[PDB]
Structure formats: C-alpha cells, structure tokens
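K.L.:
Sending over a structure as structure tokens; questions will come in a sec.
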2 protein chains.
Amino acid sequence: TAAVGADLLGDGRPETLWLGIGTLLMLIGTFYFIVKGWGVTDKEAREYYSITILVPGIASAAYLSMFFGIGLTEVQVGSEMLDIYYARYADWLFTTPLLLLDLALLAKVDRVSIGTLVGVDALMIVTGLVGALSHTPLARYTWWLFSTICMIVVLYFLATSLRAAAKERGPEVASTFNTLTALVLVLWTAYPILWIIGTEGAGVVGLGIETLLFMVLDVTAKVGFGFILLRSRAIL
Amino acid sequence: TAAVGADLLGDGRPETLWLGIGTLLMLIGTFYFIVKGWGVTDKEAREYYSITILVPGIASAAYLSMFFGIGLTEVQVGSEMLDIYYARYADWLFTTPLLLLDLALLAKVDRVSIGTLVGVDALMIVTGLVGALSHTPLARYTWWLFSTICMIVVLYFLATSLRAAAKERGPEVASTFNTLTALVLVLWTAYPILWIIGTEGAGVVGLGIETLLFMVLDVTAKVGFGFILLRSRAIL
Ligand SMILES: *C/C=C(C)/C=C/C=C(C)/C=C/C1=C(C)CCCC1(C)C
Ligand SMILES: *C/C=C(C)/C=C/C=C(C)/C=C/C1=C(C)CCCC1(C)C
C-alpha cells in the first residue's frame, strides 16, 4: 500500500509525478516534431506532419490539466468515491482519430472508410468515458465491454482492410504501415486491460502505477508512433 | 494482497477504521480511569491515576487526530510515497515517559534515574521519528537501529536497576511492578519489529493491518497496563 510517484504539488495525489513527466515528454516530442517540421516541402509529408503533430500536442494539453488537477472528479459508486480523470478521454477523443488518420491516409482509403474508422474509434473513447462514469458496477463492466468491442472492430479494420491497401502500395509503405500497425495492435489493446484492473475497474492496481503505466503507453503510442512514422519514406 | 479496515471517511484511507476503534477504546479506558479515579481519599494512588490517566488521554487525542488525517505526512523515499502518521510519535513522546514514570514511582528512585530513564526513552522516540521522515532507505534503517538500541537501554534499566530497587520494597509492590515490567517488555519490543515490516520500513505488511496491530499494542500497552496498576494494592 505504498504509492509510487510523488506529490509534487502537495494536492494529496502522488501521481502528479508521473503526470508531470508525461507533460514534459509530450511537449518535447511535440516540439521535436515541429522542429523537423521546418525542413519539409512535400505536400504529402507536410500533411502527415500536420496530423501527427497535433497528437503529441493535444496530449500535452491534456497532461498539463491533469497535473494541475483540472480534469479530475469523483464518481460515487457503491460506497467508495473513485477518482476519475476525464481529461484523458478528451485527450483520447481526438488523439486516436488523428493517430488513426495517419494510417488511413497512409493506406489511402475512401472518405467513407476513414469516416467509419473515426466514427467507431470515437464511439470507443466516448463509451469508455461513459464507463468511467457509470454508477452501477455491472454498467461499468458493460460499457467497458462495448467500448472494447469497438476497440477490436477498429483494430480489426487496421489489420485487414487497411493492411491490404497499404500492401497494395509499395513495400516501403507496407513495411512502415504494418510496423506502426503492429505497435498500435499492442499498446492500444493494453489500455482496456489496465483500465479494467485499475481504479476505474477492479482497483487491484493503485492510481500511481496506473497513471505511470498509462503515461508510458501514451508517450509510446503517440511520440513513438510518430517517430516511426515521420521517419519512414512512406510519408513521401 | 487486499487491505483490512474501511474507508470511514472516503478519503482513500481504510486504516481510519482501526484509528477509529482506537480512539473509541482509548477514551473508554481514559474516562474509565477518571470515573474510578475520584473517590480516592488517598494521596499516593491519586498521584498514580493523575499520571496513568493522561496516557490513554493523550493517545485518544492522537488517534482522533490521525483519524481525521491530522498527524499524517507524506515521506518521500525513492520512487515511492509513504503515508507516515507522525502523530504516533508525538503521542509516544508523552505517553511513554509517563507510562515509564509510573513504574519509577512504583520503585521510588532518585531523579537522576528517572531523568535518565525518560531521557533515553525520549531519545528513543524522537529518533524513531527521524527515521520515519528519512528519505534514504539506509538512513531510515539506521535511525531505526539507534532507536532500537535505546529501547534496550530503557528496557535494560527497567529489568535491573529498577526491577531490584522495587524488590527491596514490598513484595506486593514487587509482585505488581514485576508484572508491569513483564508486559512492558513484551509489548514495547513488538513496536520496532512492526515498524520494520510495516510501511515505515520493509513494507511487507500493509498500513491497514499495521494500524490495527499498532492500535492493539497501544490499547494494551496503555489501558491494559494502567488497569493492572490501578487495580493493584501496590499503588497505596
Ligand atoms: C494517445 C492515446 C491512445 C493511442 C489511446 C488509445 C486508447 C484506447 C485504445 C482506449 C481503449 C478503452 C477501452 C477499449 C475500454 C475502456 C476504456 C478505454 C477508453 C481505456
Ligand atoms: C503507549 C505507547 C507505547 C507503550 C509505545 C512504545 C513504543 C516503542 C517501544 C517504540 C519503539 C520504536 C523503535 C525501537 C524504533 C522505530 C520507531 C519506534 C518509535 C516505533
């Protein structure tokens, strides 16, 4: 029962340590992307960079809030009061669609397809938020399911339909596509897991470890994703 | 790997339960001594009650305070944050000298002895506190060791210099003094161990169980101790 992290602010919450580091990393990656932004000319590249840069950015915005306890609230469930960081879902509400877009634009698919990926992938983040806020223990597990269903559907498409369009294109796009797709096919899945066992679910894991882990996932899912992306020749 | 007790305040602290029963119990004993205290036409024993009554009194105070999270600080030790209840030390800093002086009176020894007995026992607590708030796992342990040696010096005198100085007096003062110094050596010794495996040290045991065992030791080391003393003839 010894929490991991530090109470930098003194707000009781020891996760601010991890929440803090996440902000720094998000910012840096963000800047770092902008820095490599002043060096491109291609209209395809200046398009990937566009999307891919808002991600680590919006993240930074979300992580700053949580650090200062902006996106925080309580949710009376059963008898306890679960600390719920909503900023996360807002962060995710946008950072996934975009992160997803990169693959889509990388696979070159119709607007009706992309308009489907994002419709689902949005349904996920929102339902998930609903979960987080559900007052009935069954409900939370329920939403947590639907949400996960979605996540799978989204992860489905990425590996089939999309994996194919990027395969049709040159193996330089494919390689890059599949790689970034592998990464998501991993980090991403880990979320609902960590969610269901963390303070939003079982409570088997303390908020400190969770927020930490979450940040590690986040940074990798975002900055790392881009670093692999903006480095590929596929962006060209 | 789940903790006992309950979050009686909804502040993420399930040890409040034990902290609760402790205050409930500490007072129950405190006043007990008061209600049984008046009516003493004597002036020797009345001197004992005065002392013995402040024990579960000052403690009641402390538990209450810890109950609301008053004597609770966050000690940072590496990547972990420890919820160190510092009230306990303030509480022992006063109760143990007292509890101790009770025995010294029961033996009747010069101030040079008492002013040594307490002096050590006082150093015993203040050091244990310095350990509680230490940031280096080596330091914590160091100070814990020091505080442990002192606790031996204290227990030392109590079993030799005073044990005998209280045998030269009435066999009924001895019969009870020896009975108080028996339980004092069994209960007291259990503290540095509890400390070392509980969140203040190794962290092998959760703070929930800890506050429980610590509450039981406390109540017994005080209320029990006292009750044995006041029910005695030796204090006449
Ligand atoms: C930068 C953030 C990224 C890449 C976030 C991805 C998040 C998910 C794939 C979240 C999925 C969730 C479920 C499947 C159910 C429970 C709640 C969520 C929102 C954690
Ligand atoms: C009413 C309170 C009583 C009888 C307290 C007794 C406390 C001790 C014998 C404490 C001993 C400690 C050490 C030997 C080292 C670590 C810290 C302490 C203060 C827990």
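If you're wondering about the labels, chains in the structure tokens are A, B, ... by order shown, residues count from 1 in each chain, ligands from 1 in order shown.
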Using only C-alpha atoms, which chain B residues lie at most 7 Å away from chain A, written as a PyMOL selection string?

P.N.:
chain B and resi 10+76+79-82+199+206-207

K.L.:
For the selection you just gave me, I'd like the residues written to a file as a compact mmCIF listing (two decimals), in the first residue's frame, keeping N, CA and C atoms.

P.N.:
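again-v6.txt was written with the following content:
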# COMPACT_ATOMS: atom_id res chain seq x y z
N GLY B 10 -13.93 8.04 3.32
CA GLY B 10 -13.99 8.09 1.87
C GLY B 10 -12.81 8.88 1.34
N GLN B 76 8.75 11.03 1.34
CA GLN B 76 9.19 10.52 0.04
C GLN B 76 10.44 9.71 0.19
N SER B 79 11.20 6.24 -5.44
CA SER B 79 10.04 6.35 -6.31
C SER B 79 8.70 6.11 -5.60
N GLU B 80 8.73 5.83 -4.30
CA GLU B 80 7.50 5.57 -3.53
C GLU B 80 7.17 6.65 -2.51
N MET B 81 5.88 6.80 -2.22
CA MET B 81 5.41 7.78 -1.26
C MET B 81 4.78 7.07 -0.08
N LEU B 82 5.37 7.28 1.10
CA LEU B 82 4.89 6.64 2.31
C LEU B 82 3.99 7.53 3.18
N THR B 199 4.76 -0.24 6.63
CA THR B 199 5.14 0.78 5.66
C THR B 199 6.28 1.72 6.06
N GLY B 206 0.79 -4.29 4.91
CA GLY B 206 0.05 -3.09 4.58
C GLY B 206 -0.21 -2.19 5.77
N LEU B 207 -0.49 -0.92 5.51
CA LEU B 207 -0.75 0.03 6.59
C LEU B 207 -2.05 -0.28 7.31

K.L.:
Hey, which residues sit close to ligand 2? Say within 6 Å, counting only C-alpha atoms and all ligand atoms, and write them as a PDB file with C-alpha atoms, in the first residue's frame.

P.N.:
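New file part-v5.pdb:
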ATOM      1  CA  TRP B  92       4.523   8.226  22.471  1.00  0.00           C
ATOM      2  CA  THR B  95       2.773   8.656  26.923  1.00  0.00           C
ATOM      3  CA  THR B  96       5.909   6.500  27.274  1.00  0.00           C
ATOM      4  CA  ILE B 125      11.029   8.246  20.294  1.00  0.00           C
ATOM      5  CA  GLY B 128      12.284   6.817  15.661  1.00  0.00           C
ATOM      6  CA  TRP B 144      15.507   2.582  13.460  1.00  0.00           C
ATOM      7  CA  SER B 147      16.038   3.949  18.407  1.00  0.00           C
ATOM      8  CA  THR B 148      16.079   0.174  18.940  1.00  0.00           C
ATOM      9  CA  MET B 151      14.677   0.874  23.658  1.00  0.00           C
ATOM     10  CA  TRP B 188       7.199  -2.498  23.688  1.00  0.00           C
ATOM     11  CA  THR B 189       9.610  -4.875  21.948  1.00  0.00           C
ATOM     12  CA  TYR B 191       6.993  -1.996  18.153  1.00  0.00           C
ATOM     13  CA  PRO B 192      10.357  -1.756  16.331  1.00  0.00           C
ATOM     14  CA  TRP B 195       7.744  -0.721  12.258  1.00  0.00           C
ATOM     15  CA  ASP B 218      -1.232   0.695  22.058  1.00  0.00           C
ATOM     16  CA  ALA B 221       0.364  -1.112  26.378  1.00  0.00           C
ATOM     17  CA  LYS B 222      -1.742   1.692  27.907  1.00  0.00           C
TER      18      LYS B 222
END

K.L.:
Can you tell me which residues surround range 163-171 of chain B at a distance of at most 10 Å, considering only C-alpha atoms, apart from same-chain residues fewer than 3 positions away, and format the answer as a short mmCIF file (atom, residue, chain, number, x, y, z; two decimals) with N, CA and C atoms, in the first residue's frame?

P.N.:
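Output contents, as saved in around_14.cif:
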data_model
loop_
_atom_site.label_atom_id
_atom_site.label_comp_id
_atom_site.auth_asym_id
_atom_site.auth_seq_id
_atom_site.Cartn_x
_atom_site.Cartn_y
_atom_site.Cartn_z
N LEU B 103 6.20 3.39 36.63
CA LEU B 103 6.98 2.31 37.20
C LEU B 103 8.07 2.83 38.15
N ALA B 104 8.72 3.92 37.76
CA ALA B 104 9.78 4.54 38.57
C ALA B 104 9.23 4.99 39.92
N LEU B 105 7.95 5.33 39.94
CA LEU B 105 7.30 5.78 41.15
C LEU B 105 7.05 4.54 41.97
N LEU B 106 6.72 3.48 41.26
CA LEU B 106 6.43 2.20 41.87
C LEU B 106 7.70 1.60 42.43
N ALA B 107 8.83 2.25 42.19
CA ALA B 107 10.09 1.73 42.69
C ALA B 107 10.73 2.77 43.59
N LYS B 108 10.35 4.03 43.36
CA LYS B 108 10.87 5.15 44.14
C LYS B 108 12.38 5.24 44.00
N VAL B 109 12.82 5.99 42.99
CA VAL B 109 14.24 6.17 42.72
C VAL B 109 14.55 7.64 42.46
N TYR B 156 16.58 -2.15 29.64
CA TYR B 156 17.71 -2.62 30.45
C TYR B 156 17.50 -2.21 31.89
N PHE B 157 17.54 -0.90 32.11
CA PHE B 157 17.36 -0.35 33.44
C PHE B 157 16.12 -0.91 34.12
N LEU B 158 14.99 -0.89 33.41
CA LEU B 158 13.74 -1.39 33.97
C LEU B 158 13.81 -2.81 34.52
N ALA B 159 14.73 -3.62 34.01
CA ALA B 159 14.83 -5.01 34.48
C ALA B 159 15.95 -5.26 35.48
N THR B 160 16.81 -4.27 35.68
CA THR B 160 17.91 -4.41 36.63
C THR B 160 17.81 -3.36 37.71
N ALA B 174 6.52 -5.28 44.42
CA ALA B 174 7.37 -6.02 43.51
C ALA B 174 6.46 -6.88 42.65
N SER B 175 5.62 -7.69 43.30
CA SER B 175 4.71 -8.59 42.59
C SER B 175 3.95 -7.90 41.45
N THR B 176 3.61 -6.63 41.62
CA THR B 176 2.91 -5.91 40.58
C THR B 176 3.90 -5.20 39.65
N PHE B 177 4.94 -4.58 40.20
CA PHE B 177 5.93 -3.91 39.35
C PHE B 177 6.52 -4.90 38.38
N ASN B 178 6.90 -6.05 38.90
CA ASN B 178 7.47 -7.05 38.04
C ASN B 178 6.43 -7.46 37.01
N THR B 181 6.41 -4.59 34.35
CA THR B 181 7.65 -4.59 33.58
C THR B 181 7.81 -5.85 32.73
N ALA B 234 -0.45 -2.17 45.34
CA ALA B 234 0.86 -1.55 45.33
C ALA B 234 0.85 -0.04 45.25
#

K.L.:
Show which residues sit within 9 Å of residue 227 in chain B, as a VMD selection string. Count only C-alpha atoms, and ignore same-chain residues fewer than 5 positions away.

P.N.:
chain B and resid 29 33 52 222 232

K.L.:
From a DSSP calculation on the backbone, collect every residue of range 6-236 of chain B in alpha helix (DSSP H) and output the set as a ChimeraX atom specification.

P.N.:
/B:16-37,45-67,87-105,111-132,137-159,161-165,171-197,207-219,225-230
